[PDB]
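This document opens with one chain alone, in structure tokens, the form deposited in one PDB entry.
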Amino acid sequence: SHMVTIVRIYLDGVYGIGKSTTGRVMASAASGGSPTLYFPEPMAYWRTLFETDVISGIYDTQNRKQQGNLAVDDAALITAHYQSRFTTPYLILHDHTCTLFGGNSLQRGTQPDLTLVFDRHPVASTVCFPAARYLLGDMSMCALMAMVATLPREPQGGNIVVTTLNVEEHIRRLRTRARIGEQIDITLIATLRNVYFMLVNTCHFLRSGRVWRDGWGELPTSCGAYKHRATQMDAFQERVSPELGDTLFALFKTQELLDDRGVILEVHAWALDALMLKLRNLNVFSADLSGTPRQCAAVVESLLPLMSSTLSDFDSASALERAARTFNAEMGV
């Protein structure tokens, strides 16, 4: 009933950069600042709650394909389904929490009563990782469209912080984390890194008032060469003034989505319209994570004066605290 000001932050980016550790420090009292709740990756939902481990499954699918115990056509389909299952616990969490944030989104500049830090936004599993998989040829455009369509609309007041890190230190971090001689999917990481820069650029692009049709006619179709560039290490970066070719929209200009005359079908244009509207309420930032976890938390926290806050109330904030405790407990190990 009593009013509460909330900043919510979705910390996102490529696996292995130090996002989860940063988020945990933010939530720790030792980092000071605002009282903060942290919602971890839904690890148990992915790995232990059901019969199948989707993380093992998605990586194992590609191995079964390369050796030849599973056909390429079948593998593409199984990969898409695994990618679908990644999104589930994010969609559930989003549906539960979006009722509690309240409205009256504004950039207030002041310190909130409390901060929420979500480990990833639903865009990670519905858009970024599917896009990476599509660009690498592990699943089709059809499958991509199917995941992208399931991106939920962000209500007013969202902030997304995309984590960045020089690639040498990124791979170092993955290396220390990995077992004795464990390989790292460098090609996947290179692509995901570009996809997250595309995401950042997309949000910047929309905030400048531009739309996916702006520069669409003039854009080259995104066939073999676009895909090579998209998997190329450091090919994309955060742009000051991004144009269409720097954003997620560019990959959708492929023959698969055009009529004979090369015009996008209207149904596909509607999908891009939906994608555009769903991302509108995301106030976008980027954060370098080269420092210590304490330093990383401070870098993110120092963004709060530029972030959107909403006005919730004590009962809803209390429900969010209960939600965080429940999600931390149930999603553990």
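Residue numbers run from 1 along the displayed sequence.
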Q. Checking the other PDB entries with both flanking residues built, is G224 absent in a third or more?
A. yes
Review point. Does a third or more of the other compared entries skip modelling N281?
Key: no
Mean B factor on CA atoms, stretches 213 to 221 and 95 to 103, record says higher is 213 to 221
Stretch with higher mean Cα temperature factor, 198 to 206 vs 255 to 263, is 255 to 263
Highest CA B factor of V148, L165, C128, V240, as deposited, is found at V240
One of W270, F285, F39, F50 has the largest Cα B-factor in the entry, namely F50
Binned into thirds over the chain's modelled residues, the C-alpha B-factor of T176 lands in the highest
Binned into thirds over the chain's modelled residues, the C-alpha B-factor of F86 lands in the lowest
In terms of its chain's C-alpha B-factors, the third that includes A30 is the lowest
Of the three thirds of the chain ranked by Cα temperature factor, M307 occupies the lowest
Sorting the chain's modelled residues by C-alpha B-factor and splitting them into thirds places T191 in the lowest
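Just so it is clear, the following notes concern the form deposited with a small molecule bound, a form of the same protein that is not shown.
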My question is simply whether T176 lines the interface with the small molecule in the deposited bound form - judged by any non-hydrogen atom within 4.5 Å.
yes
Using the partner position in the deposited bound form, report whether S318 sits within 4.5 Å of the small molecule, counting heavy atoms only.
-> no
Do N281 and the small molecule come within 4.5 Å of each other in the deposited bound form, heavy atoms counted?
-> no
#### Entry: Partner proximity in the deposited bound form: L289 to the small molecule, non-hydrogen atom cutoff 4.5 Å
yes
For the small molecule in the deposited bound form, the stretch among 273 to 281, 292 to 300, 260 to 268, 64 to 72 with residues bearing a heavy atom within 4.5 Å is 292 to 300
